[PDB]
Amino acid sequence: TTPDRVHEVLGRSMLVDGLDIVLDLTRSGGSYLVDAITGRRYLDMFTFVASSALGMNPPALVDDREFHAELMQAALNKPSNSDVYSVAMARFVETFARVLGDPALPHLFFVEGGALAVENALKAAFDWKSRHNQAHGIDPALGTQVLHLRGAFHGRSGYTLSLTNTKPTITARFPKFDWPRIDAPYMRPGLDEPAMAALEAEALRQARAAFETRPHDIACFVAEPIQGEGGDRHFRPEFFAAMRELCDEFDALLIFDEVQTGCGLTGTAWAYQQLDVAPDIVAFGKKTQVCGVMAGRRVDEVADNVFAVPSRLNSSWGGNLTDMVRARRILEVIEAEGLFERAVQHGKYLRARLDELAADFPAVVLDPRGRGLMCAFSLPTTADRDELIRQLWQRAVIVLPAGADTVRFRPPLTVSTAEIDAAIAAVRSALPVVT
(Lines of atoms letter the chains of each structure in order from A and count residues from 1; the text may use other names and numbers.)
(Lines give C-alpha, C1' and ligand atoms only; values in the text may rest on other atoms or scores of the structure.)
Protein backbone atom coordinates (compact mmCIF):
# COMPACT_ATOMS: atom_id res chain seq x y z
CA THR A 1 0.00 0.00 0.00
CA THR A 2 1.47 3.26 -1.20
CA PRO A 3 0.77 6.81 0.07
CA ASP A 4 -1.28 7.62 -3.06
CA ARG A 5 -3.49 4.54 -2.44
CA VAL A 6 -4.18 5.22 1.29
CA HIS A 7 -7.50 7.09 0.78
CA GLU A 8 -8.70 4.47 -1.72
CA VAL A 9 -7.95 1.51 0.62
CA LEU A 10 -9.51 3.16 3.67
CA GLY A 11 -12.48 4.28 1.56
CA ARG A 12 -13.56 0.66 1.02
CA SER A 13 -14.19 0.19 4.78
CA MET A 14 -14.93 3.58 6.31
CA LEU A 15 -16.10 7.15 5.79
CA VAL A 16 -12.95 9.05 4.76
CA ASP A 17 -13.62 12.70 5.78
CA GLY A 18 -10.22 13.67 7.28
CA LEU A 19 -7.38 15.89 6.08
CA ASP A 20 -6.34 15.69 2.46
CA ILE A 21 -2.79 14.58 3.29
CA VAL A 22 -1.07 11.31 4.08
CA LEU A 23 1.10 11.67 7.19
CA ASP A 24 4.78 10.96 6.75
CA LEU A 25 5.60 9.43 10.16
CA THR A 26 9.36 9.74 9.73
CA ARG A 27 9.86 13.13 8.03
CA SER A 28 7.34 15.09 10.13
CA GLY A 29 9.04 16.99 12.96
CA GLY A 30 8.34 19.68 15.52
CA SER A 31 5.69 22.14 14.30
CA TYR A 32 5.57 20.61 10.80
CA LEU A 33 3.54 17.75 9.30
CA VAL A 34 4.88 16.25 6.07
CA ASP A 35 2.49 15.07 3.34
CA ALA A 36 3.92 11.76 2.09
CA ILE A 37 2.30 12.23 -1.35
CA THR A 38 3.91 15.60 -2.31
CA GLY A 39 6.59 16.16 0.37
CA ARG A 40 4.90 19.48 1.17
CA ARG A 41 5.36 20.75 4.73
CA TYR A 42 2.39 21.96 6.77
CA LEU A 43 2.57 24.36 9.73
CA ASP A 44 0.80 22.59 12.57
CA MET A 45 -1.50 24.69 14.80
CA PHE A 46 -3.76 21.67 15.31
CA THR A 47 -1.49 19.08 17.00
CA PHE A 48 -3.74 16.01 16.54
CA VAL A 49 -6.71 17.91 18.05
CA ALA A 50 -4.49 19.40 20.80
CA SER A 51 -3.18 15.95 21.90
CA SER A 52 0.50 16.51 21.02
CA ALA A 53 2.57 18.49 23.57
CA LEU A 54 5.92 18.39 21.75
CA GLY A 55 4.84 18.01 18.10
CA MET A 56 6.12 15.19 15.87
CA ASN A 57 9.27 13.18 16.55
CA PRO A 58 10.75 15.44 19.26
CA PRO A 59 14.60 15.14 19.37
CA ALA A 60 14.61 14.34 23.11
CA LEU A 61 12.65 11.16 22.28
CA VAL A 62 14.10 10.35 18.85
CA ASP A 63 17.78 10.73 19.91
CA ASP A 64 17.43 8.95 23.26
CA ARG A 65 18.77 5.40 22.72
CA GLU A 66 17.84 4.18 26.23
CA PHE A 67 14.28 5.44 25.74
CA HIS A 68 14.07 3.65 22.37
CA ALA A 69 14.75 0.37 24.17
CA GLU A 70 12.16 1.09 26.89
CA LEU A 71 9.53 2.15 24.32
CA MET A 72 10.11 -0.93 22.12
CA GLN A 73 9.86 -3.12 25.23
CA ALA A 74 6.45 -1.60 26.00
CA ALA A 75 5.25 -1.46 22.39
CA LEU A 76 5.73 -5.16 21.51
CA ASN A 77 3.00 -6.28 23.89
CA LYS A 78 -0.06 -4.80 25.61
CA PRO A 79 -0.36 -5.93 29.26
CA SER A 80 -3.48 -5.45 31.34
CA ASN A 81 -2.03 -2.84 33.75
CA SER A 82 -5.27 -3.37 35.72
CA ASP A 83 -3.85 -6.54 37.28
CA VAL A 84 -0.27 -6.88 36.04
CA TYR A 85 2.23 -4.26 37.24
CA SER A 86 5.59 -3.37 35.74
CA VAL A 87 8.56 -1.08 36.35
CA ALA A 88 7.60 0.80 33.14
CA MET A 89 4.15 1.52 34.61
CA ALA A 90 5.51 2.56 38.06
CA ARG A 91 8.02 5.00 36.52
CA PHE A 92 5.16 6.64 34.62
CA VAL A 93 2.90 6.95 37.69
CA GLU A 94 5.64 8.44 39.84
CA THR A 95 6.66 11.03 37.22
CA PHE A 96 2.99 11.93 36.58
CA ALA A 97 2.56 12.55 40.33
CA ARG A 98 5.78 14.64 40.41
CA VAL A 99 5.18 16.79 37.31
CA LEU A 100 1.38 17.07 37.21
CA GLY A 101 0.30 16.00 40.70
CA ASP A 102 -1.72 18.07 43.17
CA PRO A 103 -1.12 17.23 46.89
CA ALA A 104 -4.86 17.64 47.52
CA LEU A 105 -5.67 14.99 44.86
CA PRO A 106 -3.59 11.87 45.60
CA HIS A 107 -5.87 9.26 43.94
CA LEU A 108 -4.86 8.43 40.38
CA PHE A 109 -6.80 6.24 37.93
CA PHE A 110 -5.92 5.55 34.29
CA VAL A 111 -7.98 4.43 31.29
CA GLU A 112 -7.86 4.63 27.45
CA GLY A 113 -9.90 7.59 26.16
CA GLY A 114 -10.97 11.09 27.23
CA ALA A 115 -14.72 10.45 27.42
CA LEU A 116 -14.12 7.43 29.68
CA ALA A 117 -11.82 9.54 31.88
CA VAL A 118 -14.76 11.94 32.36
CA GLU A 119 -17.12 9.00 32.92
CA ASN A 120 -14.93 7.66 35.72
CA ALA A 121 -14.98 11.09 37.39
CA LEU A 122 -18.79 10.96 37.14
CA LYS A 123 -18.93 7.42 38.56
CA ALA A 124 -16.74 8.50 41.49
CA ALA A 125 -19.23 11.33 42.12
CA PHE A 126 -22.35 9.12 41.81
CA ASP A 127 -20.92 6.66 44.33
CA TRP A 128 -19.73 9.44 46.66
CA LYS A 129 -23.12 11.16 46.70
CA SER A 130 -25.16 7.99 47.22
CA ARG A 131 -22.91 6.91 50.12
CA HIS A 132 -22.76 10.45 51.56
CA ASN A 133 -26.57 10.51 51.39
CA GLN A 134 -26.77 7.08 53.08
CA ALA A 135 -24.45 8.18 55.93
CA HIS A 136 -26.69 11.20 56.70
CA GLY A 137 -30.02 9.32 56.65
CA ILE A 138 -30.87 10.25 53.06
CA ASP A 139 -32.11 7.63 50.56
CA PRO A 140 -29.03 6.11 48.81
CA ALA A 141 -31.03 5.91 45.55
CA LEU A 142 -30.59 9.68 45.37
CA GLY A 143 -27.46 11.23 43.84
CA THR A 144 -27.65 10.40 40.14
CA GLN A 145 -27.68 13.77 38.34
CA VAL A 146 -24.97 16.00 36.87
CA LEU A 147 -25.09 19.78 36.76
CA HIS A 148 -23.32 21.06 33.61
CA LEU A 149 -23.01 23.98 31.17
CA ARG A 150 -24.50 24.96 27.82
CA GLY A 151 -21.94 24.66 25.02
CA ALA A 152 -20.09 21.92 26.93
CA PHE A 153 -18.15 19.15 25.24
CA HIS A 154 -17.29 16.16 27.43
CA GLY A 155 -17.20 13.34 24.85
CA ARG A 156 -19.35 10.91 22.88
CA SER A 157 -19.91 8.05 25.35
CA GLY A 158 -23.06 6.85 27.18
CA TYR A 159 -22.87 9.38 30.05
CA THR A 160 -21.06 12.25 28.27
CA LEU A 161 -23.67 12.29 25.45
CA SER A 162 -26.03 13.60 28.15
CA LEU A 163 -23.59 16.45 28.88
CA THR A 164 -22.20 17.42 25.48
CA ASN A 165 -24.29 20.06 23.73
CA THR A 166 -22.54 21.74 20.80
CA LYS A 167 -23.49 20.40 17.32
CA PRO A 168 -26.80 18.42 17.21
CA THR A 169 -25.02 15.91 14.94
CA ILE A 170 -23.04 14.67 17.98
CA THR A 171 -26.07 13.86 20.18
CA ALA A 172 -29.15 13.49 17.96
CA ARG A 173 -31.14 10.24 18.19
CA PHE A 174 -29.06 8.87 21.12
CA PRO A 175 -30.80 8.20 24.48
CA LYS A 176 -29.92 10.71 27.21
CA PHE A 177 -30.54 11.24 30.91
CA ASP A 178 -32.48 14.37 31.76
CA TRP A 179 -29.75 16.20 33.68
CA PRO A 180 -29.79 19.92 34.72
CA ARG A 181 -28.08 22.29 32.29
CA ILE A 182 -27.39 25.99 32.99
CA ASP A 183 -26.28 29.02 30.93
CA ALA A 184 -22.54 29.54 30.46
CA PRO A 185 -21.56 33.09 31.56
CA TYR A 186 -18.43 33.37 29.40
CA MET A 187 -16.55 36.60 28.76
CA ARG A 188 -17.59 38.45 25.62
CA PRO A 189 -16.25 41.71 24.13
CA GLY A 190 -17.75 45.01 25.31
CA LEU A 191 -18.98 43.79 28.68
CA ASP A 192 -17.68 45.64 31.74
CA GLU A 193 -17.30 44.28 35.30
CA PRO A 194 -20.95 44.97 36.37
CA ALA A 195 -22.28 43.47 33.12
CA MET A 196 -20.26 40.25 33.64
CA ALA A 197 -21.35 40.05 37.29
CA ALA A 198 -25.01 40.25 36.17
CA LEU A 199 -24.46 37.44 33.64
CA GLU A 200 -22.77 35.20 36.24
CA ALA A 201 -25.46 35.92 38.88
CA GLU A 202 -28.09 34.61 36.43
CA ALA A 203 -26.21 31.31 35.84
CA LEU A 204 -25.71 31.09 39.62
CA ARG A 205 -29.47 31.61 40.08
CA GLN A 206 -30.16 28.75 37.65
CA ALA A 207 -27.58 26.53 39.41
CA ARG A 208 -29.10 27.23 42.85
CA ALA A 209 -32.60 26.58 41.45
CA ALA A 210 -31.40 23.17 40.16
CA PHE A 211 -29.98 22.14 43.56
CA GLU A 212 -33.18 23.17 45.37
CA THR A 213 -35.66 21.49 42.97
CA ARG A 214 -33.70 18.20 42.88
CA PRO A 215 -32.82 17.76 46.57
CA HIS A 216 -29.88 15.45 47.35
CA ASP A 217 -29.96 14.19 43.74
CA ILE A 218 -27.21 16.29 42.11
CA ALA A 219 -23.92 14.43 42.62
CA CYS A 220 -21.60 16.92 40.95
CA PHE A 221 -21.03 19.95 38.79
CA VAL A 222 -18.78 19.34 35.77
CA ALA A 223 -17.17 22.03 33.59
CA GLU A 224 -14.39 22.78 31.17
CA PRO A 225 -12.33 25.62 32.72
CA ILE A 226 -12.22 26.95 29.15
CA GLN A 227 -14.76 25.52 26.73
CA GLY A 228 -12.87 24.14 23.71
CA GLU A 229 -15.15 22.67 21.03
CA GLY A 230 -17.93 25.07 22.01
CA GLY A 231 -15.76 28.00 20.85
CA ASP A 232 -12.86 28.80 23.22
CA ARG A 233 -15.16 30.39 25.81
CA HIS A 234 -13.31 31.67 28.85
CA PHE A 235 -14.83 32.26 32.28
CA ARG A 236 -13.83 34.64 35.04
CA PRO A 237 -12.32 33.05 38.17
CA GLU A 238 -15.24 34.65 40.11
CA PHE A 239 -17.78 32.37 38.40
CA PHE A 240 -16.09 29.10 39.37
CA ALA A 241 -15.32 30.33 42.92
CA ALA A 242 -19.05 31.02 43.35
CA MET A 243 -19.79 27.54 41.92
CA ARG A 244 -17.22 26.01 44.29
CA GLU A 245 -19.04 27.57 47.28
CA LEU A 246 -22.47 26.49 45.98
CA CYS A 247 -21.29 22.89 45.44
CA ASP A 248 -20.03 22.73 49.03
CA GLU A 249 -23.33 24.15 50.37
CA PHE A 250 -25.31 21.37 48.65
CA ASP A 251 -22.73 18.59 49.20
CA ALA A 252 -21.87 18.13 45.52
CA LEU A 253 -18.39 17.52 44.02
CA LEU A 254 -16.77 19.91 41.54
CA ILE A 255 -15.20 18.19 38.49
CA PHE A 256 -13.04 20.03 35.98
CA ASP A 257 -12.76 18.44 32.55
CA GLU A 258 -9.13 19.32 31.69
CA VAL A 259 -8.83 16.91 28.73
CA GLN A 260 -8.26 19.88 26.40
CA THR A 261 -6.87 22.56 28.77
CA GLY A 262 -4.49 20.26 30.66
CA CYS A 263 -0.79 19.42 30.58
CA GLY A 264 0.63 22.92 30.18
CA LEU A 265 -1.29 24.50 27.29
CA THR A 266 -2.54 27.45 29.36
CA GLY A 267 0.86 27.98 31.00
CA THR A 268 0.38 25.84 34.12
CA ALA A 269 0.00 22.08 34.60
CA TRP A 270 -3.77 22.62 34.78
CA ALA A 271 -5.96 25.59 33.90
CA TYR A 272 -7.64 25.35 37.33
CA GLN A 273 -4.36 26.37 39.03
CA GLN A 274 -4.72 29.81 37.44
CA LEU A 275 -8.38 30.24 38.45
CA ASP A 276 -7.61 29.62 42.14
CA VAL A 277 -10.48 27.12 42.48
CA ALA A 278 -9.89 23.73 44.11
CA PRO A 279 -11.75 20.89 42.36
CA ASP A 280 -12.51 17.50 43.96
CA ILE A 281 -11.81 15.60 40.73
CA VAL A 282 -9.93 16.39 37.54
CA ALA A 283 -10.34 14.37 34.33
CA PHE A 284 -7.36 14.48 31.94
CA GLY A 285 -6.35 13.11 28.52
CA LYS A 286 -5.17 14.09 25.04
CA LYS A 287 -1.62 15.44 25.71
CA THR A 288 -1.22 12.98 28.60
CA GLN A 289 -1.62 10.12 26.02
CA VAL A 290 -3.06 7.85 28.74
CA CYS A 291 -6.30 9.30 30.09
CA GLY A 292 -7.76 9.28 33.62
CA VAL A 293 -8.68 11.11 36.81
CA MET A 294 -7.00 12.68 39.82
CA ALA A 295 -9.21 12.75 42.91
CA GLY A 296 -9.15 13.94 46.52
CA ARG A 297 -10.44 16.94 48.50
CA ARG A 298 -13.99 15.94 49.59
CA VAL A 299 -13.79 12.46 47.96
CA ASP A 300 -11.83 11.16 50.97
CA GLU A 301 -14.65 12.11 53.40
CA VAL A 302 -16.46 8.97 52.21
CA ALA A 303 -14.17 6.20 53.44
CA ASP A 304 -15.54 3.46 51.13
CA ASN A 305 -15.30 5.58 47.99
CA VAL A 306 -14.46 4.28 44.53
CA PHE A 307 -10.66 4.62 44.99
CA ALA A 308 -10.65 2.65 48.26
CA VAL A 309 -12.93 -0.28 47.32
CA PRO A 310 -11.81 -2.94 44.77
CA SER A 311 -13.50 -3.45 41.38
CA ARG A 312 -15.73 -0.35 41.44
CA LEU A 313 -13.78 1.27 38.56
CA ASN A 314 -11.99 -0.80 35.90
CA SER A 315 -11.17 -1.58 32.31
CA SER A 316 -9.37 -4.61 30.82
CA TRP A 317 -6.12 -2.74 30.01
CA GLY A 318 -5.96 0.05 32.61
CA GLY A 319 -4.61 2.38 29.94
CA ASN A 320 -2.06 1.68 27.22
CA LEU A 321 1.47 0.84 28.48
CA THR A 322 3.06 2.30 25.32
CA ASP A 323 1.21 5.58 26.03
CA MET A 324 2.47 5.56 29.65
CA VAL A 325 6.09 5.06 28.62
CA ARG A 326 5.86 7.83 25.95
CA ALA A 327 4.06 10.16 28.40
CA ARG A 328 6.72 9.56 31.10
CA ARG A 329 9.39 10.76 28.67
CA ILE A 330 7.26 13.73 27.47
CA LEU A 331 6.68 14.83 31.10
CA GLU A 332 10.43 14.63 31.77
CA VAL A 333 11.09 16.92 28.77
CA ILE A 334 8.42 19.41 29.99
CA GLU A 335 9.99 19.51 33.46
CA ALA A 336 13.65 19.61 32.32
CA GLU A 337 13.12 22.28 29.65
CA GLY A 338 10.65 24.45 31.61
CA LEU A 339 7.92 24.12 28.96
CA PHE A 340 5.08 25.48 31.12
CA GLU A 341 6.98 28.78 31.37
CA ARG A 342 7.71 28.66 27.64
CA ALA A 343 3.95 28.39 27.04
CA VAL A 344 3.27 31.51 29.16
CA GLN A 345 5.80 33.64 27.24
CA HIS A 346 4.97 32.40 23.72
CA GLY A 347 1.25 32.54 24.58
CA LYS A 348 1.69 36.25 25.40
CA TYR A 349 3.40 36.67 22.04
CA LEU A 350 0.61 34.91 20.09
CA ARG A 351 -2.09 36.89 21.93
CA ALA A 352 -0.31 40.21 21.16
CA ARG A 353 -0.28 39.32 17.41
CA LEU A 354 -4.00 38.52 17.47
CA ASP A 355 -4.63 41.93 19.10
CA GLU A 356 -2.67 43.56 16.25
CA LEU A 357 -4.82 41.58 13.79
CA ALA A 358 -7.94 42.91 15.52
CA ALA A 359 -6.59 46.47 15.21
CA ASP A 360 -5.83 46.08 11.47
CA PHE A 361 -9.08 44.21 10.65
CA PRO A 362 -11.62 45.50 13.24
CA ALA A 363 -14.84 44.37 11.50
CA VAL A 364 -13.41 40.93 10.62
CA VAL A 365 -11.04 39.67 13.35
CA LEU A 366 -13.36 39.53 16.37
CA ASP A 367 -12.85 38.83 20.06
CA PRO A 368 -9.14 37.88 20.14
CA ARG A 369 -8.69 35.77 23.29
CA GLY A 370 -6.54 33.15 24.97
CA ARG A 371 -4.77 31.80 28.02
CA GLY A 372 -1.20 30.68 27.42
CA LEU A 373 -1.05 28.91 24.04
CA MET A 374 -4.80 28.20 24.00
CA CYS A 375 -5.82 31.09 21.71
CA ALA A 376 -8.60 31.92 19.27
CA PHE A 377 -10.47 34.65 17.42
CA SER A 378 -13.89 34.81 15.75
CA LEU A 379 -15.24 35.91 12.38
CA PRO A 380 -18.55 37.73 11.52
CA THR A 381 -20.24 34.63 10.01
CA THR A 382 -19.60 30.87 9.79
CA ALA A 383 -19.07 31.22 6.01
CA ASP A 384 -16.19 33.66 6.61
CA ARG A 385 -14.77 31.26 9.24
CA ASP A 386 -15.00 28.24 6.93
CA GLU A 387 -13.43 30.23 4.08
CA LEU A 388 -10.54 31.43 6.26
CA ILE A 389 -9.73 27.82 7.17
CA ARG A 390 -9.77 26.79 3.49
CA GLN A 391 -7.47 29.73 2.65
CA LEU A 392 -5.04 28.76 5.44
CA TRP A 393 -5.05 25.17 4.16
CA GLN A 394 -4.02 26.39 0.66
CA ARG A 395 -1.19 28.23 2.41
CA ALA A 396 -0.14 25.02 4.27
CA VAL A 397 -1.24 26.11 7.77
CA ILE A 398 -3.45 23.72 9.79
CA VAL A 399 -5.91 25.25 12.29
CA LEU A 400 -9.20 23.90 13.64
CA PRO A 401 -12.70 25.38 13.69
CA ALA A 402 -14.73 25.65 16.89
CA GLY A 403 -18.41 26.43 17.36
CA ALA A 404 -20.14 28.63 14.81
CA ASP A 405 -17.52 31.34 14.11
CA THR A 406 -14.26 30.56 15.93
CA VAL A 407 -10.80 29.69 14.61
CA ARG A 408 -8.65 28.09 17.33
CA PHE A 409 -4.87 27.82 17.64
CA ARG A 410 -3.42 24.66 19.21
CA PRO A 411 0.37 24.89 18.70
CA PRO A 412 2.77 22.49 20.43
CA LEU A 413 4.39 23.72 23.67
CA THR A 414 7.69 23.82 21.75
CA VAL A 415 6.41 26.32 19.11
CA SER A 416 8.87 29.14 18.28
CA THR A 417 8.02 32.83 17.79
CA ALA A 418 9.10 32.57 14.13
CA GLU A 419 6.53 29.77 13.67
CA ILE A 420 3.82 31.92 15.27
CA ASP A 421 4.86 34.76 12.90
CA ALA A 422 4.46 32.39 9.93
CA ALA A 423 0.91 31.47 11.04
CA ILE A 424 -0.03 35.14 11.55
CA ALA A 425 1.45 36.07 8.13
CA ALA A 426 -0.74 33.35 6.58
CA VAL A 427 -3.83 34.82 8.30
CA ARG A 428 -2.94 38.36 7.11
CA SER A 429 -2.63 37.08 3.50
CA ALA A 430 -5.93 35.18 3.64
CA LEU A 431 -8.13 37.89 5.23
CA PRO A 432 -8.45 40.31 2.25
CA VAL A 433 -9.51 37.25 0.20
CA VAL A 434 -12.35 36.35 2.61
CA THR A 435 -13.70 39.94 3.00
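Quick note: we count residues from 1 along the sequence shown, nothing fancier.
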- Output the stretch having the higher mean C-alpha B factor in the entry; the candidates are 95 to 103 and 254 to 262. 95 to 103
- Task: State which stretch shows the higher mean Cα B factor in the entry: 345 to 353 or 309 to 317.
- Result: 345 to 353
- Query: Between 121, 299, 161, 204, where does the Cα B-factor run highest in the record?
  - Reply: 204
- Message: Comparing recorded Cα B-factors across 213, 81, 165, 288, which one is largest?
- Response: 213
- Query: Where does residue 155 sit by CA temperature factor within its chain: lowest, middle or highest third?
  - Reply: lowest
- Task: Classify residue 228 as lowest, middle or highest third according to the C-alpha B-factor given in the PDB entry, relative to its own chain.
- Result: middle
- State the tercile, meaning the lowest, middle or highest third, of residue 47 with respect to the CA B-factors recorded for its chain. lowest
- Item | Third of chain Cα B-factors occupied by residue 292 | lowest
- Message: Splitting the chain's C-alpha B-factors into thirds, which one does residue 32 fall into?
- Response: lowest
